[PDB]
Every structure is written in C-alpha cells, then in structure tokens.
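Undergrad: Give me a 3D structure for the following:
(one chain, ligands or ions: 3)
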Amino acid sequence: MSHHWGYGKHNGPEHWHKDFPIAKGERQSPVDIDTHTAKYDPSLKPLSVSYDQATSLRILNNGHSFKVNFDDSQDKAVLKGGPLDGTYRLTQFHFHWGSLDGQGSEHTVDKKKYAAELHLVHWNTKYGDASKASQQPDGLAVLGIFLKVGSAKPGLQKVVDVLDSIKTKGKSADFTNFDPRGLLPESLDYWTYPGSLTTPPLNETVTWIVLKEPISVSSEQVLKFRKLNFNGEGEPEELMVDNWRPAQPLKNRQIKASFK
Ligand SMILES: NS(=O)(=O)c1ccc(CN(Cc2cccc(OCC(=O)O)c2)S(=O)(=O)c2cccnc2)cc1
Ligand SMILES: NS(=O)(=O)c1ccc(CN(Cc2cccc(OCC(=O)O)c2)S(=O)(=O)c2cccnc2)cc1
Ligand SMILES: [Zn+2]
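TA: Residues are numbered from 1 along each chain as shown. Ligands and ions are numbered 1, 2, ... in the order given. Take a look:
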C-alpha cells in the first residue's frame with residue numbers, strides 16, 4: 001500500500017529499510033560473486049531451461065523497469081535441476097541497467113559491474129500460485145544473466161523495438177510470440193546462492209541462479225533502454241536509468257559454482 005520507493009537519492013536503496021525492514025536481513029540480494037571463494041559443487045544436478053512452449057503476453061513499464069509477462073496457468077516454460085527441487089514456472093522477465101556502460105547490473109563478479117542484468121522470474125509450482133510461492137523460502141527462482149556492450153543480440157531486438165510504445169509508467173503493449181530463448185548465452189554454467197527479491201518487498205524467498213557467461217548486446221540496444229521514463233505521461237521527464245540495487249552483505253552464505 002502507498003509505495004513511494006524508487007532509485008533516486010531521496011527514495012533509493014539506502015531508504016528502503018524504513019518501509020521494508022528485511023532490507024537489512026541475513027539473505028539479501030544482489031551480492032558480489034567472489035569467483036575465488038565460490039566452490040564447485042559436484043552435487044548440483046544438471047540445469048534444465050525448458051522454454052520451447054513459452055507464451056509471452058504483454059510488455060509493461062511499471063515505473064521501476066519494463067517487464068514481459070508469460071502465461072503461467074500451466075507448465076509451459078519451466079526451470080528445473082541445478083540447485084532446484086521440483087518445477088519452477090516462468091512468469092515474467094525484466095531488466096536492470098545503468099546510465100553508462102560500466103554500471104547497471106545488480107550482481108557483480110569480483111566487483112565488476114556489467115551494463116545491465118536480465119532477471120527471468122520463476123515460481124515453485126508446489127505452492128500453486130506465484131503469490132503463495134513468493135512467501136516461501138524455496139518459492140522463487142530467478143535466472144540472472146549479465147549484459148555486456150559489444151555485438152548486437154538478435155533475440156533482444158524485438159524488445160528494443162517496442163520500448164518507444166511504453167515510454168512512461170503505466171503503459172503496456174501486446175508482446176505475444178516472443179521467444180525468451182533468444183536472451184540466453186551459449187553456456188548454462190552458473191553460480192547459485194539463497195537470496196531475496198532485489199526490489200521491495202525484498203522477500204527472502206529466491207534461489208538465485210546467475211549465469212557465468214554474459215550476453216553481448218549493442219550500444220544501440222542498451223541506449224534504447226535508457227530512453228524509458230520513470231515518470232507517467234504528462235509528468236516531468238526522469239530517465240529510467242540506474243534502476244539497480246547495489247551488492248548487499250553475503251553474511252552466512254556460500255555461493256556454489258556449477259563448473260570447475
Ligand atoms: N519505501 S521507502 O522506504 O524507500 C520511501 C518511502 C517514501 C519516501 C518519501 N518521498 C515522498 C513522496 C511523495 C509523493 C510522491 C513521491 O514519489 C515521487 C517519485 O516517484 O519520485 C514521493 S519524497 O522524499 O517526497 C520523494 C519525492 C520524489 C523523489 N524522491 C523522493 C522515501 C522512501
Ligand atoms: N529483481 S527481482 O528479480 O529480484 C524481482 C522479481 C520479482 C519481483 C516481484 N515480486 C515477487 C513475485 C514474483 C512473481 C510473481 C509474483 O506475484 C505475486 C506477488 O504479488 O508476490 C510475485 S512482488 O513484489 O511480490 C509482486 C509481483 C508482481 C506484482 N506485484 C508484486 C520483484 C523483484
Ligand atoms: Zn530484477
């Protein structure tokens with residue numbers, strides 16, 4: 001009720017704890033991934049990203065990011081294996097990005113920030129709906145993918161080309177027949193750890209799976225992200241940039257690697 005959090009000096013991550021006290025919890029995300037500390041875990045099962053029957057629906061500017069939602073009324077696009085027990089259904093993806101190419105990711109790798117980070121958000125079907133799942137310690141799984149600026153990502157272009165139609169907060173557009181497989185890198189090598197949502201309400205209910213291999217996107221593609229607005233239509237223009245939470249304390253957690 002009456003959410004006024006954001007990313008600016010006056011409502012940004014340093015303020016969130018006053019309305020969402022779990023912001024100072026033991027299981028917060030994102031984190032810095034120390035690649036030297038992370039240990040290879042031979043017990044991790046193979047990771048299964050099964051998106052061939054994904055049904056995208058709409059794309060929306062929610063004033064924080066832009067989000068593509070999926071039909072998750074049946075097992076159509078699911079994530080299994082790796083650190084996960086059972087089946088997690090894809091519900092939405094969104095991005096976090098920066099004002100400059102050297103910042104924008106939420107996770108960091110040996111303190112390196114990437115230009116942006118893609119989050120593919122899934123819920124554990126044992127809890128029946130995403131609302132219930134969002135409140136369970138093993139309820140959600142987010143697949144995080146770094147974006148670096150270099151060559152264009154062809155599977156991103158359809159996203160880039162619709163953003164002019166959802167410039168301001170509250171705008172949505174049809175976004176059917178989008179294949180999220182076009183957003184993945186070649187390798188599914190990953191790091192995993194238990195964490196949280198990276199925006200309010202910051203629930204500590206996420207298994208994070210962060211792919212090691214970034215995707216390359218073009219400077220032109222990420223420039224289009226930076227033309228979005230945080231504000232609504234006929235409010236003063238504030239560019240939607242730097243919509244990322246910085247790294248939070250690791251506390252008593254181990255980051256596991258799927259690879260040697
Ligand atoms: N959840 S939280 O703990 O992080 C939290 C909750 C409330 C606030 C307070 N703000 C009041 C306000 C009142 C009317 C509209 C608002 O939003 C506008 C906008 O989106 O910019 C914000 S504020 O300091 O006036 C403000 C205005 C504009 C930009 N940053 C901050 C700060 C932090
Ligand atoms: N950056 S991140 O990847 O860590 C991330 C991912 C997802 C979210 C959104 N929440 C969780 C959620 C994930 C999917 C579906 C959900 O619907 C049920 C619900 O209302 O909880 C919930 S949420 O704040 O609970 C929410 C969702 C939709 C509308 N309003 C609230 C925030 C941050
Ligand atoms: Zn996110």
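Undergrad: quick one: residue 68 and residue 59 touch, right?
TA: Yes: at 5.0 Å, residue 68 counts as touching residue 59 under the criterion of Cβ atoms under 8 Å. Bear in mind the C-beta positions are built from the backbone N, C-alpha and C, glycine included.
Undergrad: between the two, what contacts are shared?
TA: 159, 175 (Cβ atoms under 8 Å, 6 or more residues apart in numbering).
Undergrad: residues contacting whichever residue of the stretch 151-260 of the chain sits closest to ligand 1?
TA: Residue of the stretch 151-260 of the chain nearest ligand 1, by Cβ to the nearest ligand atom: residue 200 (6.2 Å). Residues near residue 200 by Cβ under 8 Å, 6+ apart: 3, 5, 16, 19-20.
Undergrad: which element is it on?
TA: Using DSSP states H and E, residue 200 sits within no helix or strand.
Undergrad: Apart from its chain neighbours, what residue comes closest to residue 111?
TA: Leaving aside its sequence neighbours, residue 111 sits nearest to residue 32 (Cβ to Cβ, 6 or more residues apart in numbering; 5.9 Å).
Undergrad: Now the residue nearest the centre of the chain: phi and psi?
TA: Residue closest to the average C-alpha location in the chain (Cα atoms, centre = their mean): residue 119, at 2.1 Å. Main-chain dihedrals, residue 119, degrees, to the nearest 10: phi -120, psi 120.
Undergrad: and it, what does it touch?
TA: So residue 119 contacts 93-96, 142-144, 198 (Cβ under 8 Å, 6+ apart).
Undergrad: for residue 154, same thing?
TA: Here residue 154 is in contact with residue 182 (Cβ under 8 Å, 6+ apart).
Undergrad: Now tell me what touches stretch 239-254 from outside.
TA: Identification of contacts with stretch 239-254 by Cβ under 8 Å, 6+ apart yields 7, 13, 26-32, 39, 61, 64-65, 96-99, 103-108, 117, 193-195, 198-199, 225-230.
Undergrad: I'd assumed residue 256 was in contact with residue 189.
TA: No: the criterion here is Cβ under 8 Å, and residue 189 misses it with residue 256 at 11.9 Å.
Undergrad: Counting neighbours, go ahead and name the busier of the two.
TA: Counted by other Cβ atoms under 10 Å, residue 189 and residue 256 do not tie: residue 256 has more neighbours, with 17 against 14.
Undergrad: partner residues bridging the more buried one?
TA: Note on residue 256: beta-bridge partners residue 39, residue 192, judged by DSSP bridges.
Undergrad: Pull the distance from stretch 220-235 to the chain's centre.
TA: Stretch 220-235 sits 18 Å away from the centroid of its parent chain (Cα atoms, centre = their mean, to the nearest Å).
Undergrad: Pull out the buried positions in the helix or strand hosting residue 220.
TA: Applying DSSP H and E as the criterion places residue 220 in helix 219-225. By neighbour count on 16 or more other Cβ atoms under 10 Å, the buried set for helix 219-225 is 221-222, 224-225.
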